[PDB]
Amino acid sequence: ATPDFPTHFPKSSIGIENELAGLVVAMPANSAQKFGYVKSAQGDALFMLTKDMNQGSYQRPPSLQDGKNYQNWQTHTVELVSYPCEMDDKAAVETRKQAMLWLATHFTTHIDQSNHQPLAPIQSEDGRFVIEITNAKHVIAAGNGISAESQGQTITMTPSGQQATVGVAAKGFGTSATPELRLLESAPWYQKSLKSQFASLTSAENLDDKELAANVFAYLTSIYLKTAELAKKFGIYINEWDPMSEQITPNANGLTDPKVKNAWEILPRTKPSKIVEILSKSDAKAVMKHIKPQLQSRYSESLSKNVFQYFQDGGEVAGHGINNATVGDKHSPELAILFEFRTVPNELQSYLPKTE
């Protein structure tokens, strides 16, 4: 079994995703995403081997007929998914990039001498890296996995196949305290002006933590307003809101549609309703009560009520979120909130492996 991601980090964390070019993985239909993982010889889990984009049904080449059953098998692109590490842990970041580049060279040899065969659990030649196979019911095949033989491909990685995910303490979003926080706050959907706006609305209120409440308000309102903007732009069905009732033609498959995710640029990966937990019951009530009018002064009553209710009931920004991540003291953990960079910006390029 592939180990689950560690959930706790002392400070800000980073994970990477890297879709490979030059090969596919074929597995039985409805297989689990993870088929293996690469770890250091010391035992530290570095990245997972996963199936990513479905490339169609697998057809075992006739010249490679082996008496085996490949019925209903699907081909997918391979994505290398790192185990998160601390953002300032240079050695952990470097070992992940190096282990990914090593596995690409091992894949290049595998499609040359063992095309349409499963990867074997081996140790690298220098002894640095170890492959562990968790699902042996797979095959690795060059190109799109149609031909028995490769076109002598070198297995590569490129920025268009790359993403980075950053995890920060929820209480830090809006403080601009670290370079990571400042990069996250530069997200086009985040409206820092909502912090000072909240303070103006709540002068008569005796709030337990005014600065924290203003930060949470700005973060949540920015997400709710962006969701409403996107639902209108792309014609997305949110809860009971119907875009056709506002003469908007549906132009996306939902919140999880890749073009909707891309429109966020910096995609929230944590369930918005979790942040309410970093506040007192009283402060959370004050924050939540003030969000509704921010939507209603910009969007129709139906869109506003539906977006507000969707997130209130634990609605996700774009599918299953990373909601169990924590930061700070191991004994008293604080909520970490995660963000996916759809395109890796210049500031995070050094975290990604490069073939060239």
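Throughout, rigid core stands for the largest set of C-alpha atoms superposing within 1.5 Å between the two forms. Counting begins at 1, following the sequence as shown.
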Inset, instruction - Rigid core fitted first, then name the stretch among 18 to 26 and 5 to 13 whose C-alphas deviate most from the displayed form in 6 other deposited structures of this protein. - result: 5 to 13
Inset, instruction - Higher average CA B factor in the deposited record is what I'm after, so tell me if that's 279 to 287 or 81 to 89. - result: 279 to 287
Inset, instruction - Can you let me know which of the two, 175 to 183 or 230 to 238, has the higher average C-alpha B-factor in the entry? - result: 175 to 183
Inset, instruction - Using the temperature factors in the entry, find which of 110, 271, 195, 138 has the highest value at its Cα atom. - result: 195
Legend entry - Criterion, highest CA B-factor; candidates, 199, 166, 155, 220: 199
Legend entry - Ranked C-alpha temperature factor of residue 70 among modelled chain residues, by third: highest
Inset, instruction - Among all modelled residues of this chain, ranked by Cα B factor, put residue 330 in the bottom, middle or top third, i.e. lowest, middle or highest. - result: highest
Legend entry - Third of the chain, ranked by Cα B-factor, where residue 210 sits: highest
Legend entry - Ranked C-alpha temperature factor of residue 19 among modelled chain residues, by third: middle
Inset, instruction - Select lowest, middle or highest to describe the third in which the CA B-factor of residue 204 falls within its chain in this entry. - result: highest
